[PDB]
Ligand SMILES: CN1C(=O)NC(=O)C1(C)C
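Here's a solo chain for you in structure tokens, the form solved without this ligand.
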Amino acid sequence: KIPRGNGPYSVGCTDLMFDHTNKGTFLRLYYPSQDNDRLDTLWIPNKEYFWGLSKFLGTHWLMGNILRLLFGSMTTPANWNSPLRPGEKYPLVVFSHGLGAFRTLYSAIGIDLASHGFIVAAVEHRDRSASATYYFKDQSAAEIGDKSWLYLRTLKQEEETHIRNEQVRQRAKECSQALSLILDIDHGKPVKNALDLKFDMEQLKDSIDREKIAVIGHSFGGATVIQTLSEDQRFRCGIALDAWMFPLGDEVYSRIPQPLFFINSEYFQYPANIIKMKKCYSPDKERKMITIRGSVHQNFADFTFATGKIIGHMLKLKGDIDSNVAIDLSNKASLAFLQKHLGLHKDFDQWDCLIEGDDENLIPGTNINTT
């Protein structure tokens, strides 16, 4: 089971596509909900995601159908299409996924942020870093649910530097565009969802705390945080979860005024990556780093809960640390950080020592020795 949120609020979930094109916004939305009696949300909702996942794991079209058999009915503990909880302005997180992932695969983070009173826009990237995504060729395809599938792009060694930077840059623009879309919805603009779903987008009118916006992401999404913050001053802080810094151009590192928090795993990180994180440090800027002890790259993704301990460890989805333990540390430190830098008036400051990695499962800064 993906763990339920630890915060006071019930959690809802819906999908938003606007516009219907490969250049429009695709996001999954987690939000505080009025009721707690809807059906749970389908974790991986289409078979083409499983196919895109098999291709990414380097297996047959056939193995994709085996993953669909084992995982195709799995839900996440979010009320599918619940009415949004009224009477409060919610701060907003935009979430960017890792390479080979897509919008649905960080529900343990998205569900927990929402239970504490956030709206979470987990975006699906059309940069061919997702395992699979979809859009509609035109208005007619949009209406009759004729989906066009975009699958993960495999690079040559040659293409790496250039293409990953193009992608981190498209990701940033997709984060900005997702933010602009939500703000318009808030500012009352009627948007016709390209997906026919029994959730009225009008509910979101006057629901956003327009000044309290952050960008969070994992892996490629960690670099998306950094690129995003450098382009969009609307994002007031960022949290890079096990950032893979390689996509970033040399120019970004000196150009991030916003508070920025690195939550790293113990076993992913490496000198070249840490050095790139250090390139972001400055005395005039807010910068914080923790390492979760006993943890691995996928400890931030839902895959960490998808299996038992032995299969999980073998496939590098679980570490020596319990997954709920590791996600609680990441989520709770995130909560305290977001409170500090968005000016929230909640109890998240109860977790301030986590920002400094004062905990037995936390390392202050990094374990990685450099120069």
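Numbers follow the displayed sequence, beginning with 1.
What follows is about the form solved in complex with this ligand, which we do not show.
Contact check at 4.5 Å (heavy atoms) against this ligand in the deposited complex: none of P91, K212 and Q339 pass. Only one segment in the set 297-305, 115-123, 174-182, 256-264 has residues whose heavy atoms sit within 4.5 Å of this ligand in the deposited complex; it is 297-305.
For the options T291, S230, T76, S219, the one in contact with this ligand in the deposited complex, meaning a heavy atom within 4.5 Å, is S219. Among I163, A141, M201, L99, the residue placing a heavy atom within 4.5 Å of this ligand in the deposited complex is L99.
Within this chain, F56 lines the site of this ligand in the deposited complex, having a heavy atom no more than 4.5 Å away. Taking the partner from elsewhere, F136 is found to have every heavy atom lying beyond 4.5 Å of this ligand in the deposited complex. In the deposited complex, this ligand sits within 4.5 Å of a heavy atom belonging to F268.
Contact annotation: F235 falls outside 4.5 Å of this ligand in the deposited complex, judged by heavy atom distances. Contacts between stretch 231-254 and this ligand, counted in the deposited complex as any heavy atom lying within 4.5 Å, involve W244 alone.
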